[PDB]
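Everything below belongs to coords15.cif, which stores mmCIF, N, CA and C atoms.
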```cif
data_run
loop_
_atom_site.label_atom_id
_atom_site.label_comp_id
_atom_site.auth_asym_id
_atom_site.auth_seq_id
_atom_site.Cartn_x
_atom_site.Cartn_y
_atom_site.Cartn_z
N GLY L 1 -16.99 2.49 18.61
CA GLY L 1 -16.79 3.86 18.18
C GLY L 1 -15.39 4.36 18.47
N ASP L 2 -14.39 3.58 18.07
CA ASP L 2 -12.99 3.95 18.29
C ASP L 2 -12.08 3.22 17.32
N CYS L 3 -10.91 3.81 17.07
CA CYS L 3 -9.94 3.22 16.15
C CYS L 3 -8.57 3.10 16.80
N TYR L 4 -7.65 2.42 16.13
CA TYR L 4 -6.30 2.24 16.64
C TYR L 4 -5.29 2.18 15.51
N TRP L 5 -4.04 2.53 15.81
CA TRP L 5 -2.98 2.52 14.81
C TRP L 5 -2.32 1.15 14.75
N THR L 6 -1.91 0.75 13.55
CA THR L 6 -1.26 -0.54 13.35
C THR L 6 -0.18 -0.46 12.27
N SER L 7 0.81 -1.34 12.36
CA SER L 7 1.90 -1.37 11.40
C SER L 7 1.46 -2.00 10.09
N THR L 8 1.09 -3.28 10.15
CA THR L 8 0.65 -4.00 8.97
C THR L 8 -0.69 -3.48 8.47
N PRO L 9 -0.94 -3.63 7.16
CA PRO L 9 -2.18 -3.18 6.53
C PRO L 9 -3.38 -4.01 6.96
N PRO L 10 -4.52 -3.34 7.20
CA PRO L 10 -4.62 -1.88 7.06
C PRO L 10 -3.83 -1.15 8.15
N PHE L 11 -3.17 -0.07 7.76
CA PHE L 11 -2.38 0.73 8.70
C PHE L 11 -3.27 1.31 9.80
N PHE L 12 -4.55 1.49 9.48
CA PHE L 12 -5.50 2.03 10.44
C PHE L 12 -6.78 1.21 10.47
N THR L 13 -7.19 0.79 11.66
CA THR L 13 -8.40 0.00 11.82
C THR L 13 -9.36 0.65 12.80
N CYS L 14 -10.66 0.52 12.53
CA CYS L 14 -11.68 1.10 13.40
C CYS L 14 -12.61 0.02 13.93
N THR L 15 -13.43 0.38 14.92
CA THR L 15 -14.37 -0.56 15.51
C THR L 15 -15.80 -0.02 15.45
N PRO L 16 -16.77 -0.94 15.44
CA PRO L 16 -18.19 -0.58 15.38
C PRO L 16 -18.68 0.06 16.67
N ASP L 17 -17.92 -0.12 17.74
CA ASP L 17 -18.27 0.44 19.04
C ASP L 17 -18.15 1.96 19.03
#
```
Show this structure as structure tokens.
Amino acid sequence: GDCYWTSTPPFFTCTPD
């Protein structure tokens, strides 16, 4: 239940937690 920022695509990724 949390996400994080990233440079390469996808620019934004999330988690099932």
_the PyMOL selection byres ((chain L and resi 17) around 5) - which residues does that actually catch in the file I just gave you? List them as a ChimeraX atom specification._
/L:1-2,15-16
Mind dumping the selected residues with N, CA and C atoms as a PDB file, keeping the file's coordinate frame?
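Dumped everything to again_30.pdb:
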```
ATOM      1  N   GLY L   1     -16.990   2.490  18.610  1.00  0.00           N
ATOM      2  CA  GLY L   1     -16.790   3.860  18.180  1.00  0.00           C
ATOM      3  C   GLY L   1     -15.390   4.360  18.470  1.00  0.00           C
ATOM      4  N   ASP L   2     -14.390   3.580  18.070  1.00  0.00           N
ATOM      5  CA  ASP L   2     -12.990   3.950  18.290  1.00  0.00           C
ATOM      6  C   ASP L   2     -12.080   3.220  17.320  1.00  0.00           C
ATOM      7  N   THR L  15     -13.430   0.380  14.920  1.00  0.00           N
ATOM      8  CA  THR L  15     -14.370  -0.560  15.510  1.00  0.00           C
ATOM      9  C   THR L  15     -15.800  -0.020  15.450  1.00  0.00           C
ATOM     10  N   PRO L  16     -16.770  -0.940  15.440  1.00  0.00           N
ATOM     11  CA  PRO L  16     -18.190  -0.580  15.380  1.00  0.00           C
ATOM     12  C   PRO L  16     -18.680   0.060  16.670  1.00  0.00           C
TER      13      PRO L  16
END
```
*So which residues of chain L fall under strand (DSSP E or B) by DSSP, listed as a PyMOL selection string?*
chain L and resi 3-5+12-14
*If the PyMOL selection byres ((chain L and resi 13) around 5) is run on the structure shown, which residues does it catch, given as a ChimeraX atom specification?*
/L:3-4,11-12,14-15
